[PDB]
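Enquirer:
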Amino acid sequence: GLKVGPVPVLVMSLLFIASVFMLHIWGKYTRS
Amino acid sequence: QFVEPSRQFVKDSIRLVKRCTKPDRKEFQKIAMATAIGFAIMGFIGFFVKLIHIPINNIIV
Amino acid sequence: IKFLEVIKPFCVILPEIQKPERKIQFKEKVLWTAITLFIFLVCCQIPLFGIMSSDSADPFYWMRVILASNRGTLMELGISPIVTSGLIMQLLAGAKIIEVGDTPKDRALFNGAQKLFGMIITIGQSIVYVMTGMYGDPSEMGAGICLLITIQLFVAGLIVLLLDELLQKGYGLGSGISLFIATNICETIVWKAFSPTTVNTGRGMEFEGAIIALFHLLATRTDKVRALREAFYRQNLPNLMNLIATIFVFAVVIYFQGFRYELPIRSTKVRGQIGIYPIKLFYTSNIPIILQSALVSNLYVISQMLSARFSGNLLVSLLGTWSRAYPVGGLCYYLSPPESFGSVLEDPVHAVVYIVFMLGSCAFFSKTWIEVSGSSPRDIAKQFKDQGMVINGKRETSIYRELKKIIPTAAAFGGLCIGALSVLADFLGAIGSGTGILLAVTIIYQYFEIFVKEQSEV
Ligand SMILES: C/C=C(\C)C(=O)O[C@@H]1[C@@H](O)[C@@H]2O[C@H]3[C@H](O[C@@H](CCCCC)CCCCCCC(=O)CCC(=O)OC[C@@H](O2)[C@H]1OC(=O)/C=C/c1ccccc1)O[C@H](C)[C@H](OC(C)=O)[C@@H]3O
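Protein chains in written order, with the deposited numbering: chain C, 65 to 96; chain B, 6 to 66; chain A, 3 to 325, 334 to 468.
1. Output, in chain order, the set of chain B residues within a Cβ distance shorter than 8 Å of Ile89 (chain C).
2. Would you please state the rounded distance, in angstroms, between the beta carbons of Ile84 (chain A) and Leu449 (chain A)? I believe it to be under 8 Å.
3. Does any CB atom of chain A fall closer than 8 Å to the CB of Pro28 (chain B)?
4. Going by DSSP, which residues form a beta bridge with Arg231 (chain A)?
5. With respect to the beta strand (DSSP E) encompassing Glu264 (chain A), which residues constitute its N-terminal and C-terminal limits?
6. Using the beta-carbon count (16 or more within 10 Å), is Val366 (chain A) buried or exposed?
7. Would you kindly work out how many angstroms separate the C-alpha atoms of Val15 (chain B) and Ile161 (chain A), rounded to a whole number?
8. To the nearest angstrom, report how far apart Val157 (chain A) and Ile89 (chain C) are at their CA atoms.
9. On the criterion of 16 or more Cβ atoms from any shown chain inside 10 Å, does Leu79 (chain C) qualify as buried, or is it exposed?
10. Is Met65 (chain A) near ligand 1, judged by its Cβ being under 7 Å from some heavy atom?
11. For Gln20 (chain A), which residues in chain C fall below 8 Å Cβ to Cβ?
12. Taking the Cβ atom as the reference point for each residue, do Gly138 (chain A) and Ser55 (chain A) lie within a distance shorter than 8 Å?
13. Which of helix, strand or coil does DSSP assign to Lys171 (chain A)?
14. Give me the Cα-Cα distance between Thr222 (chain A) and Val54 (chain B), rounded to the nearest whole angstrom.
15. Considering just the uninterrupted stretch of the alpha helix (DSSP H) at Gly425 (chain A), what are its terminal residues?
16. In three-state terms, what does DSSP make of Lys414 (chain A)?
17. So, at 6 Å on beta carbons, what are the nonlocal neighbours of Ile390 (chain A) in its own chain, with the 5 sequence-adjacent residues on each side left out?
18. How close, in whole Å, do the beta carbons of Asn315 (chain A) and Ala440 (chain A) come, if the pair is a contact with beta carbons under 8 Å?
19. Check whether chain B comes within 8 Å of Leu283 (chain A), counting only Cβ atoms and requiring the distance to be less than that.
20. Using the Cβ count rule (16 or more neighbours within 10 Å means buried), how would you classify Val75 (chain C)?
21. For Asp17 (chain B), which of A:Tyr457, A:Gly442, A:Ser466, A:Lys415 has the nearest alpha-carbon?
22. Just tell me which of A:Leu169, A:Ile179, A:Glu101 has its CA closest to the CA of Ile26 (chain A).
23. Please list the residues of the segment 90-119 of chain A that have a C-beta atom closer than 8 Å to any C-beta atom in chain C, keeping them in chain order.
24. Would you please verify whether the beta carbon of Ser77 (chain C) is less than 8 Å from any beta carbon of chain A?
25. Considering only heavy atoms of ligand 3, does any lie closer than 7 Å to the CB of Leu111 (chain A)?
26. Restricting to Cα atoms, I'd like to know which of A:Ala310, A:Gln92, A:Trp324 is closest to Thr134 (chain A).
27. Might you give, ordered along the chain, the residues of its own chain that have their beta carbon closer than 8 Å to the beta carbon of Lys171 (chain A), omitting 5 neighbours on each side?
28. In chain A, which residues lie with their C-beta within 7 Å of the C-beta of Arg24 (chain B)?
29. Please state the DSSP three-state secondary structure of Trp324 (chain A).
30. Tell me, please, whether the CB atom of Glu189 (chain A) is closer than 8 Å to any CB atom in chain B?
31. Classify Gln294 (chain A): buried if its beta carbon has 16 or more other beta carbons within 10 angstroms, exposed otherwise.
32. List the whole-angstrom C-beta distance separating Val382 (chain A) from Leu93 (chain A), where the pair is believed to meet the contact cut-off of C-beta under 8 Å.
33. Output yes if chain B places a C-beta closer than 8 Å to the C-beta of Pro49 (chain A); else output no.
34. Over the uninterrupted beta strand (DSSP E) stretch that includes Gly206 (chain A), give me the two end residues.
35. Looking at the structure shown, is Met136 (chain A) part of a helix, part of a strand, or coil, going by DSSP?
36. With burial defined as no fewer than 16 other Cβ atoms inside 10 Å of the residue's Cβ, what is the status of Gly211 (chain A): buried or exposed?
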């Protein structure tokens, strides 16, 4: 289907890692 | 009467092993060194990744 | 092909990797493999967000090391959905339910159905993990938190699928699944040897990494023989005799990995291409071990869940009784390695039954996978006829007989050998376990074969 390349996979993997990291940091901020 | 099939399978096993090509000392050394290099690379890369990520895991959680 | 056609509209919704147009240079392949490995290793340490409590008992601990899994992280499902989808697709193809096809359209449909099934298994396993008591009580966490965790696992599984496909399509050296399994096993072995984590139970600070513990004990007690024997014979923490047994098991499986039957084959169509066809003793490389480990782990999990939900029933007691929970009686007890040599002496029947089960299951899985995976003597003879290859000494008509006299025996004895290696590693207490060490060494051998193929071609 969505025939994509390797860089659009590496970038999305790093984006997901950054997204979960930002989720954890935002949770830390909102807990206090 | 399952003794006969088992004996036949065992005889085939030793026959095949007799005509199998066992690794030589040079071949065994080459494979062992390659496996050691691969194990070192992957295991130590993962070990350092885990060691780096322990403090961040402590910080975020 | 009807089953693939009806699911094609659903199979044309998931992305796929671009096929490389120039052949990828070995250095670029190594770079891509390293990038994917780093991505996976970073993902397997990042915890999930919606986890409320990771204090409950874990029911899938058994084969976590070989599933490339890590509880509470993004890579908690690991390789389970991809391997399950591959297994079911191979079963469908071999048992003649679908057709893989020699057409790129048929290949595209096959590889789309495989990934669709993998994603469905990802969703199902994420739901199971959420709803079987992990992360805390799902009712306490809430539907929103459960959905968020499921989405995180869904995206992680999608990422694993994309990296595995990237490595398969030609950007990487080999396969993503094998690389992840071997990397996790090697990481576990290295961690149980060189870790800096310190645990104190009254005696004092003591690193749980075996070699670091040896060095620390030598420094603390000034080369004392008591310190040496504590470093080698440490029951409560990883010790050095476990490392020695691990190295011995690596050496023995390396020696048995090079066992192979060299068939002298001559080509009759393109005359002059004399070559050799190798029939490895480990015919099915590690499929019997993977199948047996998956079956045993599924049986353990089913037994635990049945003893939890249906406590008091006689049937669940016969299927296995528990007391990390370990089996004490029932069917699951006989499928578990004996705790120690004293356990073997106390119940020799249990040890004999365990060894017999391991060897028989491995042999049966091997001799069944040679028929389901298209590596049976008839299939090998068929490809010999298709490619014109003939054995030198024997006639062209006597090609199937020679393969029938070797391949079934090779597969069965490879099953016995690869089950005996696992049993020996378990008995010797080797870091990584029989399954882990065997998988790691076989995958490293595959990567070494890739190296010696591509470097020789270059
Ligand atoms: C090195 C990787 C391993 C060893 C591995 O990949 O092992 C998973 C195993 O991981 C998975 O069991 C899951 C299980 O999956 C279920 C699928 C549906 C998911 C929930 C709706 C299995 C249900 C059928 C089992 C009956 C048949 C049985 O016992 C027999 C075993 C079986 O054929 O099983 C399949 C998978 O079964 C199993 O792959 C394989 O052996 C594939 C082997 C193969 C061989 C040749 C070619 C290609 C592939 O779900 C649990 C939540 C949990 O998952 C986790 C830990 O997250 C279980 O651990």
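We put the CB at the ideal spot given by N, CA and C, even for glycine.
Expert: If we stick to the structure as given:
1. Locating residue 89 (chain C) in the first sequence gives position 25, counting from the first residue. What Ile89 (chain C) touches in chain B: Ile65.
2. The residue you call residue 84 (chain A) lines up with position 82 of the third sequence. The residue you call residue 449 (chain A) lines up with position 439 of the third sequence. Contact doesn't hold; Cβ gap of about 15 Å is too wide.
3. In the second sequence, counting from the first residue as 1, residue 28 (chain B) sits at position 23. Yes, because at least one Cβ of chain A sits closer than 8 Å to the Cβ of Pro28 (chain B).
4. Within the third sequence, the letter at position 229 stands for residue 231 (chain A). According to DSSP, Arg231 (chain A) bridges with nothing at all.
5. Within the third sequence, numbered from 1, the residue matching residue 264 (chain A) stands at position 262. Run containing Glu264 (chain A): 262-269, per the beta strand (DSSP E) assignment.
6. Here residue 366 (chain A) is taken as the residue at index 356 of the third sequence, counted from 1. Per the 10 Å Cβ criterion, exposed.
7. Numbered from 1 along the second sequence, position 10 holds the residue referred to as residue 15 (chain B). Numbered from 1 along the third sequence, position 159 holds the residue referred to as residue 161 (chain A). As the crow flies, the alpha-carbon of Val15 (chain B) is around 47 Å from that of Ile161 (chain A).
8. The sequence position of residue 157 (chain A) within the third sequence is 155, counting from 1. The sequence position of residue 89 (chain C) within the first sequence is 25, counting from 1. Straight-line Cα distance between these residues: approximately 19 Å.
9. For the purposes of this step, residue 79 (chain C) is taken as the residue at position 15 of the first sequence. Exposed, because fewer than 16 other Cβ atoms sit within 10 Å of the Cβ of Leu79 (chain C).
10. The residue you call residue 65 (chain A) lines up with position 63 of the third sequence. Between ligand 1 and the CB of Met65 (chain A), the shortest heavy atom gap is smaller than 7 Å.
11. Start at 1 with the first residue of the third sequence, and residue 20 (chain A) comes out as number 18. Under the 8 Å cutoff, chain C gives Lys67, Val68, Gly69, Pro70.
12. Start at 1 with the first residue of the third sequence, and residue 138 (chain A) comes out as number 136. Start at 1 with the first residue of the third sequence, and residue 55 (chain A) comes out as number 53. Yes; because the gap between Cβ atoms is below 8 Å, this pair is in contact.
13. To locate residue 171 (chain A), count along the third sequence from 1; it is residue 169. Assignment of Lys171 (chain A) by DSSP, reduced to helix, strand and coil, places it in the helix class.
14. In the third sequence, residue 222 (chain A) corresponds to position 220, counting from 1. In the second sequence, residue 54 (chain B) corresponds to position 49, counting from 1. If I take the Cα positions, the gap works out to 29 Å.
15. Counting from one through the third sequence, the residue named residue 425 (chain A) turns up at place 415. That run of the alpha helix (DSSP H) goes 417-438.
16. Stepping through the third sequence from its first residue, residue 414 (chain A) is reached at position 404. In the structure shown, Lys414 (chain A) sits in a helix (DSSP, three-state: H, G or I).
17. In the third sequence, residue 390 (chain A) corresponds to position 380, counting from 1. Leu413.
18. Mapped onto the third sequence, residue 315 (chain A) falls at position 313. Mapped onto the third sequence, residue 440 (chain A) falls at position 430. Between the beta-carbon of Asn315 (chain A) and that of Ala440 (chain A) there is about 37 Å, and that puts the pair past the 8 Å contact cut.
19. Taking the first residue of the third sequence as position 1, residue 283 (chain A) is located at position 281. Between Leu283 (chain A) and chain B, the shortest Cβ-Cβ separation is below 8 Å.
20. Position 11 of the first sequence, counted from the start, is the residue given in the question as residue 75 (chain C). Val75 (chain C) is exposed by the Cβ-count criterion.
21. Counting from 1 along the second sequence, the entry for residue 17 (chain B) is found at position 12. Here the closest residue by C-alpha is A:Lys415.
22. Here residue 26 (chain A) refers to the residue found at position 24 when the third sequence is read from its first residue. The shortest CA-to-CA distance from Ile26 (chain A) to any of A:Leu169, A:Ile179, A:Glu101 is the one to A:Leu169.
23. Considering only beta carbons, the part of the segment 90-119 of chain A lying closer than 8 Å to chain C consists of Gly114, in chain order.
24. For the purposes of this step, residue 77 (chain C) is taken as residue 13 along the first sequence, with counting starting at 1. Cβ-Cβ to chain A under 8 Å: yes for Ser77 (chain C).
25. No copy of ligand 3 occurs in the structure displayed; its ligands are ligand 1 alone.
26. In the third sequence, residue 134 (chain A) corresponds to position 132, counting from 1. Checking every option, the nearest Cα to that of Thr134 (chain A) belongs to A:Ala310.
27. Against the third sequence, residue 171 (chain A) aligns to sequence position 169. Cβ within range, chain order: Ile19, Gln20, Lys21, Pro22.
28. Numbered from its first residue, the second sequence carries residue 24 (chain B) at position 19. Here the neighbours are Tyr263.
29. Position 322 of the third sequence, counted from the start, is the residue given in the question as residue 324 (chain A). In the three-state reduction of the DSSP assignment, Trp324 (chain A) falls in the strand class.
30. Reading the third sequence from its first residue, position 187 is the one you call residue 189 (chain A). Chain B, which has a Cβ nearer than 8 Å to the Cβ of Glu189 (chain A), makes this yes.
31. By one-based count along the third sequence, residue 294 (chain A) stands at place 292. By the neighbour-count definition (other C-beta atoms within 10 Å, threshold 16), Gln294 (chain A) is a buried residue.
32. Stepping through the third sequence from its first residue, residue 382 (chain A) is reached at position 372. Stepping through the third sequence from its first residue, residue 93 (chain A) is reached at position 91. Between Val382 (chain A) and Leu93 (chain A) a beta carbon distance of about 7 Å is seen, short of the 8 Å cut, so the two are scored as contacting.
33. Numbered from 1 along the third sequence, position 47 holds the residue referred to as residue 49 (chain A). Yes, contact with chain B.
34. In the third sequence, the residue the question calls residue 206 (chain A) occupies position 204. Under the DSSP assignment, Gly206 (chain A) falls outside any beta strand (DSSP E); it carries neither an H nor an E label.
35. Translated into positions along the third sequence, residue 136 (chain A) becomes position 134. Here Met136 (chain A) sits in coil by DSSP.
36. Position 209 of the third sequence, counted from the start, is the residue given in the question as residue 211 (chain A). With 16 or more other Cβ atoms within 10 Å, it is buried.
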